[PDB]
Amino acid sequence: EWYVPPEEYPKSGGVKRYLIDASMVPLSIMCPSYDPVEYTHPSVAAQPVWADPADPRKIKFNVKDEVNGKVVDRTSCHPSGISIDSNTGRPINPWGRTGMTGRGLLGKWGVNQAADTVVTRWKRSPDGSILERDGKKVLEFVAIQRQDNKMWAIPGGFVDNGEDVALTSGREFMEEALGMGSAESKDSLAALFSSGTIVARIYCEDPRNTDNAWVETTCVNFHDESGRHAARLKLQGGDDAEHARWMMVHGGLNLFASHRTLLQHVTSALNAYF
Amino acid sequence: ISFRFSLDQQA
Amino acid sequence: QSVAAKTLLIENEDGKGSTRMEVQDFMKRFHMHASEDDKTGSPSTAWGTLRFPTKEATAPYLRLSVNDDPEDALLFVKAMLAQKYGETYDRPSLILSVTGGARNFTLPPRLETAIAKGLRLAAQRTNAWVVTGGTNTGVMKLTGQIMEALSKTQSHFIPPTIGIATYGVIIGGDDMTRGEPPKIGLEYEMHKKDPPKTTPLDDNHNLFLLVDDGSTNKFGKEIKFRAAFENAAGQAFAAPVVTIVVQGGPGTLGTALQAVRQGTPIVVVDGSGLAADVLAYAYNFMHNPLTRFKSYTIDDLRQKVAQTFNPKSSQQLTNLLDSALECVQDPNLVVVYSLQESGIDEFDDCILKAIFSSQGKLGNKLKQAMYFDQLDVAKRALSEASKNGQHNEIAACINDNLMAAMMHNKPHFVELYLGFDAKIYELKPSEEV
Ligand SMILES: Nc1ncnc2c1ncn2[C@@H]1O[C@H](COP(=O)(O)OP(=O)(O)OC[C@H]2O[C@@H](O)[C@H](O)[C@@H]2O)[C@@H](O)[C@H]1O
C-alpha cells in the first residue's frame, strides 16, 4: 500500500528525484543503493516568513516548538516518530523515502502541518429527498481546482505558527470557497463553522514531499445536516485556486495527493457512501 | 404507473 | 451547362457587409500536407463540387490542413451559402453537432422515428447547421437519411448538413487530388476500388471539409478542428452549439469530454447503443433520484466500460472511467433522452432543456424557446424569474424578445411578452438610425 511520489518535483524546472521501486519505499527496509538528489526550490531558498531556516540545527522535533514565541506543530503523526540525522542535523521523514533530500517545495523541515477543511452536505434532489446509492447516503463536498497543477483537491493550506486548526480551517474556507468573505449569511456561516470535528491526522502522499520535509495533514469536516447554511454560500474560486465546485464523494475519484483517504475517513465517520 | 412504482421497485 | 464562379462574396471581419473578390485569391490561404512531416505545407488546390448519383444538387468540398484557422473555413461555408442563396440567407440560430458510432447499428424503430422526428423538427424550426462526420456508415448515414426528407419537403432554403471528415480514409482521394482547382463537376464513385483506404463519403451531406495531416488510414485527427470550427461558428452567429451522442466508440467519449470542457452542452440518447448507454448509467448513478436507480455501483460501470471499449491495460480502463465520470461532473451540461421515461415527441424538449441549462442570459433562452414553439417552457421560465426577483433582466430583454416574436411570426408569444408589463409603444430598433 506504499506510496511513491512522481520523479519530477512540481515547479522545480525539470529537476528530477532519485527513482525507486514501490517495494523499497518503507523506512524499516534497508535499501543500500539509495542516492537521492539534493534540490531546493528558489521560492524556498529565498527564505520567506512561512519557511523554516535552511540550517536545521538547534531545532527540537517530535514536540510543539516555538518560533518567534508562536507554537508550531513540529510533531509527526507517525508511530515511530521523527529521527534526526547526525551528519547535518536535518530531520528524517518517517513516512518513507522520496528520492530527494533537502526541503524542496515544502517550507518547513520535517513535518509540514497542513489543515484541510472539507465542508460537506447531503446531495439532495429539489423534491427534498436525499439521494441514496449502494445502500448508503451519498455525501457532497466543496473541491477547488488548484492553480499550479490543474487537479481538483480539498481546500486547505499549511497551519501557521501560534494558531490552531479552527482558525486555519475557517480562514482557508473563507479564502478559497468564499473568496472575499454578510448579515444572515454570516450568521449561517458562523453556525456552520461552530461545529467541526478533527476526523484524521495522517501523512499526506504529496508529490512535493522529500526525505527532510514531508506533509502531514489534519482533516476538519464541516457538515451541514439540514443543508440550509450550505445553500447560502456564494461559491467563487480565489487565491491559488481557479474554480471551486460541489463534487460527489465516491471511491473512483481522481483527486490530488492522499485526499481519497481523507474523504474515506469523513464518509467512514458519517456512515456515507465511498 | 402507481402499481409499477408500488411493486416493481419494491423488489 | 454550369458556368464556373469567378468571384465570391467573403464577409468582412466587422460583420457589416460582404466584399467581392476572386476565388483563387481567397483559396490561396488553405494549405495541404502530403509530406506526413511537411509541417508548413504547400497550397491545396483540391476544392470544388462533387456530384453524387440520385442527387439533383451538387455538394462542395474543401481539403484543408489540420493547422489551418477554422475562421477561414467558416468564411468558405458562408461565402458558398451567400453565392447560392444570396446575401440575405437564413442565418442559423442553433449549431447541432452530431457525434457517435461510425460502425453500423440496429436501433429500435420507435427510437429511430423519435430521433428522426425531433432532429428534423429542430433543424427546420431553427434553420440549423448540422455538423456530422462524412463517412457513409452509422450515425452520419442515419442523419443523412433524416435530412433527405428535409431536402425533399423544402423548396427554397435547405440547412447545410456539413460533413467534416479526416482525409486519408476517403475513397477516391487520388481522383480528387488529380486535376485543376476550378473543379465543378466531378463524378464520385463510392463503389470504386481503392487499395489502402476503405471508407467512402456519404452522398447526403451538403458540404465537405477533408481535414488532412499527411497520414494515411489513421482516424481521429479531425476531432479538434471540428470542435474549434463549431465554437468559432457559434461565436460568429451568437448561436448555441449542441452535440448529440448516439452509440459511439472511444473517440466519441473524447469528443464529449472536449465538448463539456469547452462549455458546450451534450444530449446523450439512452437506449441507443454502447457509449451512450455508459454515459446514461453514469448520470443515473450520479444525479438521478428515482427508486429504481438506487442499486447502482462503480463496479458494474467499470465492468461495462471494460466490456464495451476493451482497454489493453487496467490504467487505461481507469483513465476511461475517470474521463467518463469527468464528463458528467456538471449536471447542466448533460441531458439524457430515454424512451421509457420521456415522450415520443419530446426529443426537441430535451434539446431545449440543454439550451436552457447552458445559456447564461434570459433573453437568448427565451429567443430559442420561441424558435422551438414551446410557450409553456417560456412561461415557466418567465414566472420563475418573476418570482425570484429577477424582474430587471425581464424588462431588459422583453423588447428584443417582442421584436423577434414579431419578425418570426409567433402571435401567441407576442401575447405573452406583452402580458408581462411590456409597453407596445416602448419598442426600440436594433440598429441606430
Ligand atoms: N468517422 C469515422 N468513420 C468511419 N470509420 C471510423 C471513423 N472514426 C473511426 N473509424 C474507425 O472505424 C471503426 C468504427 O469504430 P467506432 O467505435 O465507430 O469509431 P469511434 O471510436 O466511434 O470513432 C469516433 C469518431 O466517430 C465520429 O462520431 C467522430 O467524428 C469521431 O471521429 C473504428 O475502429 C475506427 O478505427
# chains A, B, ... in the order shown; residues from 1 in each chain; ligands from 1
$ residues_near_ligand --ligand "ligand 1" --cutoff "8 Å" --atoms "only C-alpha atoms and all ligand atoms" --output "PyMOL selection string"
chain C and resi 98-104+132-140+164-166+199+218-223+245+247-253+255
$ interface_residues --of "chain C" --to "chain A" --cutoff "12 Å" --atoms "only C-alpha atoms" --output "PyMOL selection string"
chain C and resi 283-302+317-326+328-331
$ closest_residue --among "C:381, C:423, C:410, C:340" --to "chain B" --atoms "only C-alpha atoms"
C:340
$ interface_residues --of "chain B" --to "chain C" --cutoff "9 Å" --atoms "only C-alpha atoms" --output "list in words"
residues 5, 8, 9 and 10 of chain B
$ residues_around --residues "residue 262 of chain A" --least-positions-apart "5" --cutoff "10 Å" --atoms "only C-alpha atoms" --output "PDB file with N, CA and C atoms, in the first residue's frame"
ATOM      1  N   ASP A 116      -6.766  20.790   6.217  1.00  0.00           N
ATOM      2  CA  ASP A 116      -7.731  20.774   5.137  1.00  0.00           C
ATOM      3  C   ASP A 116      -9.134  20.877   5.710  1.00  0.00           C
ATOM      4  N   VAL A 118     -12.955  20.215   4.836  1.00  0.00           N
ATOM      5  CA  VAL A 118     -13.912  19.539   3.977  1.00  0.00           C
ATOM      6  C   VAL A 118     -15.309  19.920   4.452  1.00  0.00           C
ATOM      7  N   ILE A 154      -9.119  19.100  -2.127  1.00  0.00           N
ATOM      8  CA  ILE A 154      -9.798  19.675  -0.966  1.00  0.00           C
ATOM      9  C   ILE A 154      -9.115  20.996  -0.618  1.00  0.00           C
ATOM     10  N   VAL A 199     -11.248  14.658  12.007  1.00  0.00           N
ATOM     11  CA  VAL A 199     -11.527  13.270  11.642  1.00  0.00           C
ATOM     12  C   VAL A 199     -10.256  12.447  11.476  1.00  0.00           C
ATOM     13  N   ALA A 200      -9.159  13.066  11.043  1.00  0.00           N
ATOM     14  CA  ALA A 200      -7.925  12.342  10.802  1.00  0.00           C
ATOM     15  C   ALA A 200      -6.753  13.295  10.918  1.00  0.00           C
ATOM     16  N   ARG A 201      -5.606  12.713  11.255  1.00  0.00           N
ATOM     17  CA  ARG A 201      -4.307  13.380  11.259  1.00  0.00           C
ATOM     18  C   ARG A 201      -3.347  12.357  10.661  1.00  0.00           C
ATOM     19  N   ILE A 202      -3.131  12.447   9.354  1.00  0.00           N
ATOM     20  CA  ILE A 202      -2.478  11.381   8.612  1.00  0.00           C
ATOM     21  C   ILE A 202      -1.288  11.973   7.877  1.00  0.00           C
ATOM     22  N   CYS A 204       0.428  12.881   4.429  1.00  0.00           N
ATOM     23  CA  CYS A 204      -0.013  13.187   3.080  1.00  0.00           C
ATOM     24  C   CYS A 204       0.903  12.502   2.078  1.00  0.00           C
ATOM     25  N   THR A 217      -1.203  15.989   7.278  1.00  0.00           N
ATOM     26  CA  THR A 217      -2.457  16.722   7.180  1.00  0.00           C
ATOM     27  C   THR A 217      -3.389  16.416   8.351  1.00  0.00           C
ATOM     28  N   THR A 218      -4.098  17.452   8.790  1.00  0.00           N
ATOM     29  CA  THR A 218      -5.241  17.360   9.687  1.00  0.00           C
ATOM     30  C   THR A 218      -6.509  17.697   8.912  1.00  0.00           C
ATOM     31  N   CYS A 219      -7.490  16.797   8.935  1.00  0.00           N
ATOM     32  CA  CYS A 219      -8.717  16.993   8.176  1.00  0.00           C
ATOM     33  C   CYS A 219      -9.847  17.390   9.117  1.00  0.00           C
ATOM     34  N   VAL A 220     -10.508  18.516   8.830  1.00  0.00           N
ATOM     35  CA  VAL A 220     -11.632  19.001   9.632  1.00  0.00           C
ATOM     36  C   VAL A 220     -12.873  19.029   8.743  1.00  0.00           C
ATOM     37  N   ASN A 221     -13.943  18.359   9.167  1.00  0.00           N
ATOM     38  CA  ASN A 221     -15.166  18.279   8.372  1.00  0.00           C
ATOM     39  C   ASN A 221     -16.242  19.205   8.943  1.00  0.00           C
ATOM     40  N   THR A 267     -16.388   9.933   5.242  1.00  0.00           N
ATOM     41  CA  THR A 267     -17.528   9.057   4.960  1.00  0.00           C
ATOM     42  C   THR A 267     -17.624   7.909   5.951  1.00  0.00           C
ATOM     43  N   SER A 268     -16.478   7.430   6.457  1.00  0.00           N
ATOM     44  CA  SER A 268     -16.453   6.399   7.488  1.00  0.00           C
ATOM     45  C   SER A 268     -17.064   6.918   8.781  1.00  0.00           C
TER      46      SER A 268
END
$ atom_distance --atom1 "atom CA of residue 262 of chain C" --atom2 "atom CA of residue 339 of chain C"
28.4 Å
$ select_by_dssp --residues "chain B" --states "helix (DSSP H, G or I)" --output "number ranges by chain"
B: 2-10
$ select_by_dssp --residues "segment 64-116 of chain A" --states "strand (DSSP E or B)" --output "list in words"
residues 65, 66, 67, 70, 71, 72, 83, 84, 91, 92, 100, 101, 102, 103, 104, 110, 111, 112, 113, 114, 115 and 116 of chain A
$ residues_around --residues "segment 87-101 of chain A" --least-positions-apart "3" --cutoff "7 Å" --atoms "only C-alpha atoms" --output "list in words"
residues 4, 5, 17, 18, 19, 25, 26, 27, 36, 37, 38, 39, 56, 57, 78, 81, 82, 83, 84, 109, 110, 209, 210, 211, 212, 213 and 214 of chain A
$ residues_around --residues "residue 74 of chain A" --least-positions-apart "3" --cutoff "6 Å" --atoms "only C-alpha atoms" --output "list in words"
residues 61, 62, 63, 64 and 111 of chain A
$ residues_around --residues "residue 40 of chain A" --least-positions-apart "5" --cutoff "7 Å" --atoms "only C-alpha atoms" --output "PyMOL selection string"
chain A and resi 45+102-105
$ write_last_selection --atoms "N, CA and C atoms" --output "mmCIF file, in the first residue's frame"
data_model
loop_
_atom_site.group_PDB
_atom_site.id
_atom_site.type_symbol
_atom_site.label_atom_id
_atom_site.label_comp_id
_atom_site.auth_asym_id
_atom_site.auth_seq_id
_atom_site.Cartn_x
_atom_site.Cartn_y
_atom_site.Cartn_z
ATOM 1 N N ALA A 45 14.417 28.704 -1.125
ATOM 2 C CA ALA A 45 15.766 29.229 -0.884
ATOM 3 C C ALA A 45 15.854 30.742 -0.685
ATOM 4 N N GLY A 102 16.923 17.546 1.226
ATOM 5 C CA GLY A 102 16.602 18.957 1.209
ATOM 6 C C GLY A 102 15.125 19.177 1.494
ATOM 7 N N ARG A 103 14.728 20.447 1.495
ATOM 8 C CA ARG A 103 13.357 20.785 1.852
ATOM 9 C C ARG A 103 12.433 20.756 0.644
ATOM 10 N N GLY A 104 12.983 20.994 -0.551
ATOM 11 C CA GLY A 104 12.226 21.031 -1.798
ATOM 12 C C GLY A 104 11.218 22.160 -1.878
ATOM 13 N N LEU A 105 9.977 21.814 -2.227
ATOM 14 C CA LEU A 105 8.918 22.809 -2.309
ATOM 15 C C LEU A 105 8.259 23.091 -0.963
#
$ atom_distance --atom1 "atom CA of residue 161 of chain A" --atom2 "atom CA of residue 198 of chain A"
18.7 Å
$ residues_around --residues "residue 155 of chain A" --least-positions-apart "3" --cutoff "9 Å" --atoms "only C-alpha atoms" --output "MDAnalysis selection string"
chainID A and resid 115:118 142:146 169 172:173 176:177 241 244
